[PDB]
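As given, the protein sequences belong to chains P, X, R, W and Y, one line each in that order. In case it helps, our numbering puts the first sequence at residues 16 to 381. In case it helps, our numbering puts the second sequence at residues 67 to 290. In case it helps, our numbering puts the third sequence at residues 5 to 350. In case it helps, our numbering puts the fourth sequence at residues 356 to 405. In case it helps, our numbering puts the fifth sequence at residues 1145 to 1342.
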Amino acid sequence: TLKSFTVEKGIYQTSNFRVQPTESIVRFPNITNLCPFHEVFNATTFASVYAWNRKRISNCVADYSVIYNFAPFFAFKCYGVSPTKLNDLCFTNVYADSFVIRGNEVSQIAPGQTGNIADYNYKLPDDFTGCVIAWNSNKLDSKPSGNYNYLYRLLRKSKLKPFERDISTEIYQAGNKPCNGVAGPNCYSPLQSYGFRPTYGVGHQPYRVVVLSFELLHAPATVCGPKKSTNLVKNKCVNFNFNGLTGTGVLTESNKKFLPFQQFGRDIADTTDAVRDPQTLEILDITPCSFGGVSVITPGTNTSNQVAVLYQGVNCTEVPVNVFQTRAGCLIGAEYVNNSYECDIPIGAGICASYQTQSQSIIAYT
Amino acid sequence: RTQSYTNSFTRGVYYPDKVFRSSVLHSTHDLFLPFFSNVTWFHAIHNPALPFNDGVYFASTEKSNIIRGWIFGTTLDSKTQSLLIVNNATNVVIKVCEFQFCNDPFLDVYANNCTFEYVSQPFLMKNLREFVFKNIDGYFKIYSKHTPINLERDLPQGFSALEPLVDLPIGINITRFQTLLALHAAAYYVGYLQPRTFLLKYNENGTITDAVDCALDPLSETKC
Amino acid sequence: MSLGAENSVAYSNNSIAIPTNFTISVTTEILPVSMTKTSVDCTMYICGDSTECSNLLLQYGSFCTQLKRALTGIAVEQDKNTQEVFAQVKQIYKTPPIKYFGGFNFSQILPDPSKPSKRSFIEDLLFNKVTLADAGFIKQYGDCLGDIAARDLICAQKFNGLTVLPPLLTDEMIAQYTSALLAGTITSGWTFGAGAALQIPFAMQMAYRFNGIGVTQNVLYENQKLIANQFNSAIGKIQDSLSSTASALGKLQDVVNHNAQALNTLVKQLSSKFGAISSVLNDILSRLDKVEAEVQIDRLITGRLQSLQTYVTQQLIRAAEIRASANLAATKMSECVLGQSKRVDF
Amino acid sequence: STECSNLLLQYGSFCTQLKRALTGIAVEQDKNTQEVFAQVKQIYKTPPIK
Amino acid sequence: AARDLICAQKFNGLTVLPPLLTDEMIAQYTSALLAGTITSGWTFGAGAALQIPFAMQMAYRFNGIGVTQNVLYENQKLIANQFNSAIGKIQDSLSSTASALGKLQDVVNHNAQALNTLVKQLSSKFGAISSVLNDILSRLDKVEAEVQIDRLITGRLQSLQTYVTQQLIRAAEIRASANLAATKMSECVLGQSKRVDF
Ligand SMILES: *[C@@H]1O[C@H](CO)[C@@H](O)[C@H](O)[C@H]1NC(C)=O
Ligand SMILES: *[C@@H]1O[C@H](CO)[C@@H](O)[C@H](O)[C@H]1NC(C)=O
Ligand SMILES: *[C@@H]1O[C@H](CO)[C@@H](O)[C@H](O)[C@H]1NC(C)=O
Ligand SMILES: *[C@@H]1O[C@H](CO)[C@@H](O)[C@H](O)[C@H]1NC(C)=O
Ligand SMILES: *[C@@H]1O[C@H](CO)[C@@H](O)[C@H](O)[C@H]1NC(C)=O
Ligand SMILES: *[C@@H]1O[C@H](CO)[C@@H](O)[C@H](O)[C@H]1NC(C)=O
Ligand SMILES: *[C@@H]1O[C@H](CO)[C@@H](O)[C@H](O)[C@H]1NC(C)=O
Ligand SMILES: *[C@@H]1O[C@H](CO)[C@@H](O)[C@H](O)[C@H]1NC(C)=O
């Protein structure tokens, strides 16, 4: 830590000691059902874009690796979470949004996006956690004579808020004379068809889009990845895993009075202080394992290779590895004498260390 | 129905998150009812729909089951899906359909293609009941509290934080508001939410016991 | 605002004004000497026992080595300031068991041997007036382990790698140096500050001091009881002003308040995102794969490093100010206590 | 700019401590002028004879 | 005419505060110190002002420096003439030479230049596509403008950090000089000093 080979007389702050964890804890709620991703990705027909349907998924074990076997897609396009870590962590609800669009407007399904579908049919929020799966469906969603079972909306009087449906069919008016249910001058029908044909280009093919909207750990978790729970051990330095969040620390019994809608406790540095066990209704503190600073008291290397070690701010019972307890921690390797000399190496609150002849050894004194 | 105007008296503070904080001062920015606001008092002895202006604070100091249910929407006479909450002594039914609301919708003590239907535990249980309705990002959030009340003339003095009760993925357009009355004399307070910044105090037991505005008076800006 | 009372001195070319009596006045000057010595662990602050954050932090070179060097230099400089102010007398003098000094009562400034920490009455008033932050110079990990009431500010300070080191000289040693200086000043005079202590009666010492200011020494020998009574009344007034007024010691309380506020700001800075998706490092590591978590972790690392550098820079500036104040206090100990000063308003 | 203020809120309390440092300097300037010039207790006057 | 630098400083959030003591009160304090020194001597710095003729006060000042007081009483007219000529020479050197007051001018110039640099730092891109925030808002979508605005925010915060640190160091220097000026007021004006070259 000095980046040299010969050190001088003094006290040097070298490093920090920490207690390493011995075990590992995984705690997930006991759910046995399987999430029905198989019936979402296959259907005879999906819904139209203006009347997109949303399926709620909850209280089941979700395996996200079987989604690839259900549809031939490339773009597993995700924003706030990686596609490869969806089994290691858990949510409170999953919402699957199903519709069939044109291939040219797949890029409009993104947070902070505008256009026609993104403004008048299906709008995504700015803080969107969750992700999009889109695949080509020219085999099932096309006809040589044209496909007129899929509708979209041209324009609206105002923009459309995120996660909102408007299925009502009223004739638009852009003037003073009322339409009165007649599509005459300045009056148009709002919904018109894609009109799919197999002879269209690659940008005008039908695309099937499923949007999985994930809401994070603000509630008791219901949708969980496939992982095995472990027995809970307390008063030990472990590596816990409570509903997808990792960490290292010591779990103890808690006296905090959680309200029944609360399951997490947070400290002023926005770190987790208390947790609720997902299996049994139990509140546990999270206190980090033992740590501190280590100072090395030495004479010169041309005098001796003997050193003393000061563990700062801790008792000698707390340290894992002549022992004297000062007010600056406690000191191992130097004996305490009932004599008083002038200060040679300053240790702490009125204690100094020296290399004396009473064989030469390192002594500590007031 | 009879109208009166009264002061809010630092009511309408709710928990903004499901996170336990103890003995701390926390600053949040959300749709809150401002302190000492001008809320309105309705005596329904008799009725168009009330506006839903970026959230609604609702208060009722009566008893029994004379008050139940709400209607949210933007064109309640069909041709648009609307949100309906109906209460009883056992069950809460929450439905999002097109419906056929009349000019005076009410429930007798003695409807189209739709998706969302919900069955839940009763929302309802000297008894002042406070509700906060919010509609953010396609989610309808309902907070509530029940407290003992001494005088029924005005809203009480002090703080009573509103715990979060139901979050729903409704996803409709809500502009107007209607209250259902059970018919075999009911008075209620209505106020409107505004996007303000609050400074809240969590005591040693994790309960919000005090809160300060940030644009009421210059002393509140100084405390911010 | 009013600048002061309006006065019109009567000047004539043949008129003079000469005083006929005097007052003996005891005033109080308060000077800061040292401040809190702190040490910061970078790995526990920026990363918090995360391996990936430490591996990305190793690519930033030697920022944390030189921040640790600056904090160690400040901590050594504080003990140097205390040593140059207080540890100035060569020998530990003692007052005689007889307590007659010409009628001058030094009972409230001499130490009392009943208490273990042998401090005087005025020193006890000064210690009880300035409340302390109860910093990390007393060990608290056993107390931070036992979850009593709520989580403290000091426990959350030390859990994130911020530690307070104890000073080298305890308060007993500072009180012993003060008692040695007081005993030497009362018994010998100014002779102990320029060689060996030569004893002299206290009345003859005060006659020497009046001869230093231009007053003939028979004035003391004729008004000794009046001067001793005025000194005793002024000491009692100083005691009553310390017992009643608590705002006179605002400089040392300001030092304590600044040193606590900077550490509280350093702890509260850990909740910021700095453009990342989260402030919690484990949420970023669990939710995202390697490249994207590397980007977010780098953003958090840059923000925490900038905040820690800001803390170290303001600590260096405050250390320079405290060193200037300690040099002034050492000069005042040398020239007011160990001698008699002819400098006006010094 | 509202979006800039929303993105600036994620940087914590840098603005507060910059404001605190500048306020400390501003108070210190007045303290400097007070400790140099305001040393006399009363406002003395020179007589009209010169 | 054209836009001033002061308006450009004020339109970007930088404000100059007025001092608590106006120049009239500083001149009143200086006048009180001069009147007390001229009439009383050093007696007004230790309590109540005690009048004395100025010739006898100057004889006290001569006895302070080791010269016997009859020298002034025998050369009073010559001493008064030499003092009047020296005051007139101070008058002429202040009327002619303009470079004597360079320290206070440098104090003014540094504080002007720091604010001018802080205003001029607003035209930098810091790696973004534009220094204008509204052009970044109008020319990009949410994520790209968030990246560019984050770059501009870090650059402007770093420049303002540099300004505040320079101001703190200069404030320390000014406080040291003010402490020296207060000591010289208490010792040279309110008394006679025996310290050499002080
Ligand atoms: C799609 O899922 C259904 C389940 O409803 C299943 O019967 C069918 O075989 C699946 N088809 C393909 C091609 O995977
Ligand atoms: C999960 O474990 C708890 C604790 O024993 C138990 O009460 C609960 O019934 C379990 N749930 C299931 C679905 O097995
Ligand atoms: C820590 O050391 C102190 C001082 O010797 C002692 O009073 C205390 O009991 C110790 N803590 C333990 C042994 O847990
Ligand atoms: C609330 O608004 C009504 C509307 O006229 C007004 O009469 C009343 O004074 C207001 N209450 C206040 C300002 O407290
Ligand atoms: C939706 O609500 C908004 C209020 O924000 C209103 O302006 C608009 O007209 C509503 N749209 C419909 C179709 O009712
Ligand atoms: C917190 O709860 C305890 C329960 O014993 C109670 O004694 C204490 O007064 C409460 N604190 C409050 C109400 O501030
Ligand atoms: C001295 O003062 C008196 C009046 O105060 C004045 O008449 C006289 O001229 C003065 N002496 C001289 C030499 O001017
Ligand atoms: C000195 O003062 C103390 C308290 O101020 C008093 O108790 C004591 O009697 C005094 N000494 C003498 C000799 O009177």
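All C-beta atoms in this analysis are idealised placements derived from N, C-alpha and C, irrespective of residue type, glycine included.
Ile202 (chain X) has its alpha-carbon roughly 39 Å from the corresponding atom of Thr245 (chain P). The C-beta separation of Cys239 (chain P) from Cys146 (chain P) comes to about 18 Å, leaving the pair out of contact by the 8 Å criterion. Beta-bridge partners assigned by DSSP to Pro117 (chain X): X:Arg242. Look at the stretch 1289–1313 of chain Y: the residues with a C-beta under 9 Å from a C-beta of chain R are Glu1290, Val1291, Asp1294, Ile1297, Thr1298, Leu1301, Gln1302, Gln1305, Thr1309, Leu1312, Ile1313. The beta carbons of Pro230 (chain X) and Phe178 (chain P) sit about 19 Å from each other, so the pair does not count as a contact at 8 Å. Listed in chain order, the non-local C-beta contacts of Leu129 (chain R) below 6 Å within the same chain comprise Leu246, local neighbours out to five positions each way being set aside. In terms of Cα proximity to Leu173 (chain X), the closest of X:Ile151, X:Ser210, X:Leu194 is X:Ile151. Counting the other Cβ atoms within 10 Å of the Cβ of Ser183 (chain R) gives 16 or more, which makes it buried.
For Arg347 (chain R), the CB contacts under 8 Å within the same chain, skipping 5 residues up- and downstream, are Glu339 in chain order. Taking 7 Å as the cut-off, the beta carbon of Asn258 (chain P) is found closer than this to the beta carbon of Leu232 (chain P). Under the DSSP definition of a beta bridge, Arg223 (chain P) partners with P:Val115, P:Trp150.
Closest option to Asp181 (chain P), judged by alpha-carbon separation, among X:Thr127, X:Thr181, X:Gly78: X:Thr181. Annotation note: the stretch 37–95 of chain R contains the following uninterrupted beta strand (DSSP E) runs of length 3 or greater, listed N- to C-terminal: 41–44. At least one heavy atom of ligand 8 lies closer than 6 Å to the C-beta of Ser111 (chain R). Under the three-state reduction of DSSP, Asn68 (chain P) is assigned to strand.
DSSP, read as helix, strand or coil, puts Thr287 (chain P) in strand. For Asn320 (chain P), no pairing in a beta bridge is given by DSSP. With 16 or more other Cβ atoms from the protein chains shown falling within 10 Å of its own Cβ, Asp53 (chain R) counts as buried.
The alpha-carbon of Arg1205 (chain Y) is positioned some 24 Å away from that of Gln397 (chain W). If you check the CB distance, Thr313 (chain P) and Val322 (chain P) come in under 7 Å. The C-beta separation of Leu116 (chain X) from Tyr184 (chain X) comes to about 23 Å, leaving the pair out of contact by the 8 Å criterion.
Sequence-distant Cβ neighbours of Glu81 (chain R) in its own chain, meaning closer than 8 Å and more than five residues away, are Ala323, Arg327.
A residue is listed when its beta-carbon falls short of 5 Å from at least one non-hydrogen atom of ligand 4; in chain order these are X:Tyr71, X:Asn104.
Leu224 (chain R) sits close to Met210 (chain R), with the two beta carbons spaced by under 7 Å.
Only buried fits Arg42 (chain P), as 16 or more other CB atoms lie within 10 angstroms of its CB.
Put simply, the backbone Cα of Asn45 (chain P) is about 24 Å away from that of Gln187 (chain X). For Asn31 (chain P), the enclosing beta strand (DSSP E) starts and ends at 25–33. Below the 7 Å Cβ cutoff, chain R contributes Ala154 as neighbours of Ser88 (chain X), in chain order.
Residues of the stretch 1255–1283 of chain Y with a C-beta less than 9 Å from any C-beta of chain P: none at all. Listed in chain order, the beta strand (DSSP E) elements of length 3 or more contained wholly in the stretch 123–193 of chain R are 166–169.
For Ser148 (chain X) against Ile137 (chain X), the beta-carbon gap comes to about 6 Å, under 8 Å, which counts as contact. Under the Cβ criterion (8 Å, minimum of three pairs), the stretch 1146–1165 of chain Y does not count as touching the stretch 1179–1199 of chain Y.
Contact between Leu101 (chain P) and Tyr79 (chain P) is confirmed by a C-beta separation of about 4 Å, below the 8 Å threshold.
Where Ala238 (chain R) is concerned, the enclosing alpha helix (DSSP H) starts and stops at 228–248. Taking 6 Å as the cut-off, one finds at least one heavy atom of ligand 6 near enough to the beta carbon of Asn269 (chain X).
Non-local beta-carbon contacts of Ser1268 (chain Y) in its own chain, meaning distances under 7 Å to residues more than five positions away in sequence, involve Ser1275, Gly1299 in chain order.
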